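The sequence shown lines up with residues 16 to 34, 37 to 67, 69 to 125, 127 to 130, 132 to 184, 184A, 185 to 188, 188A, 189 to 204, 209 to 217, 219 to 221, 221A, 222 to 245 when you count with the entry's author numbering. To start, the structure under review is shown below, and the notes come after it.
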Amino acid sequence: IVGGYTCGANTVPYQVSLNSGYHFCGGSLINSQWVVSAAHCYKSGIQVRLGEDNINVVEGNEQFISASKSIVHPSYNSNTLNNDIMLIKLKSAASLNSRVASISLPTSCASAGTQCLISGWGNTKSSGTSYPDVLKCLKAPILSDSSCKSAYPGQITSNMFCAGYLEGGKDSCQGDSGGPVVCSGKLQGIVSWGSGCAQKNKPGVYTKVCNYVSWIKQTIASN
Ligand SMILES: NC(=[NH2+])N1CCCCC1
Ligand SMILES: [Ca+2]
């Protein structure tokens, strides 16, 4: 996250870190046994880390649970990033408490102008590299579809939205991928792609979760 603030320990209780020996992507806990992340974060050998603040220090609220199954969306296209969503099942249920909690799926799609919270452990610089050890947060609005399409001609599908600031300076960045965009207490987006980080006229692009609720629910019910 570029241009954000330190969230505070366990203030974003649905945020997970995906670990394969190191943090590589975020995700969101949607019930005690399932996480949703970006398809472009797929790999084998995932451990899900819940209850994290500092990802390099054991602070006492963590739960570390291996994945048993990963399911990339049937129509994910790695060239265009259309349908950039995946589900991860945990080998055992997490223990839910005030610091480790699920986030609700939306019943309706959010409109442009709605303010959302984006979080992650990704790079904090737009030029160069500095990775934080504690969770960072950013408040940002959903942008109109017309502004999003004007920023990225030919690249925005109905399964994407833009959020952030056209003036630059505040955005998600490398290592934030897969993490949550929460608006009015519901999961509306997944950190997906962008051109650089925090550049003028190049806002972040997010997977539009409201289009996937039926697939999520049906997949969980049968796996
Ligand atoms: N919002 C961005 N600029 N991003 C998304 C995360 C990956 C790097 C590009
Ligand atoms: Ca920790």
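C-beta: ideal position from N, C-alpha, C; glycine also.
Secondary structure of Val-231, DSSP reduced to three states
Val-231 falls in the helix class under three-state DSSP.
Can you have a look at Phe-82 and say buried or exposed, based on whether 16 or more other CB atoms are within 10 angstroms of its CB?
By the 10 Å Cβ count, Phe-82 comes out exposed.
Candidates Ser-147, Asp-153 and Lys-159: which alpha carbon is nearest residue 271's?
Nothing about residue 271 can be reported from this structure: the residues present for the chain run from 16 to 245 only.
Excluding sequence positions up to five away, which residues of its chain have a Cβ less than 6 angstroms from the Cβ of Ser-113?
Non-local beta-carbon contacts of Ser-113 in its own chain, meaning distances under 6 angstroms to residues more than five positions away in sequence, are absent.
Taking 6 angstroms as the limit, name every residue whose beta carbon sits nearer than that to some heavy atom of ligand 1, in sequence order.
Going along the chain, the residues that qualify are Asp-189, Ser-190, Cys-191, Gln-192, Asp-194, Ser-195, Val-213, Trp-215, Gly-216, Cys-220 and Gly-226.
How big is the Cα-Cα spacing for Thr-149 and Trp-141?
A direct Cα-to-Cα measurement between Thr-149 and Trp-141 gives close to 12 angstroms.
Give me, in chain order, the residues of the same chain whose beta-carbon lies closer than 8 angstroms to that of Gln-64; leave out the 5 immediate sequence neighbours on both sides.
Once the five neighbours on either side are set aside, the close Cβ partners of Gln-64 are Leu-33, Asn-34, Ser-37, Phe-82, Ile-83, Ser-84 and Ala-85.
If you measure between the beta carbons of residue 263 and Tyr-228, is that distance less than 9 angstroms?
What is shown of the chain runs 16 to 245, which leaves residue 263 out entirely.
List the endpoints of the continuous alpha helix (DSSP H) containing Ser-170.
For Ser-170, the enclosing alpha helix (DSSP H) has its first and last residue at 165–171.
If you follow the beta strand (DSSP E) that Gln-135 is part of, which residue opens it and which one closes it?
Counting along the chain, the beta strand (DSSP E) containing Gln-135 begins and ends at 135–140.
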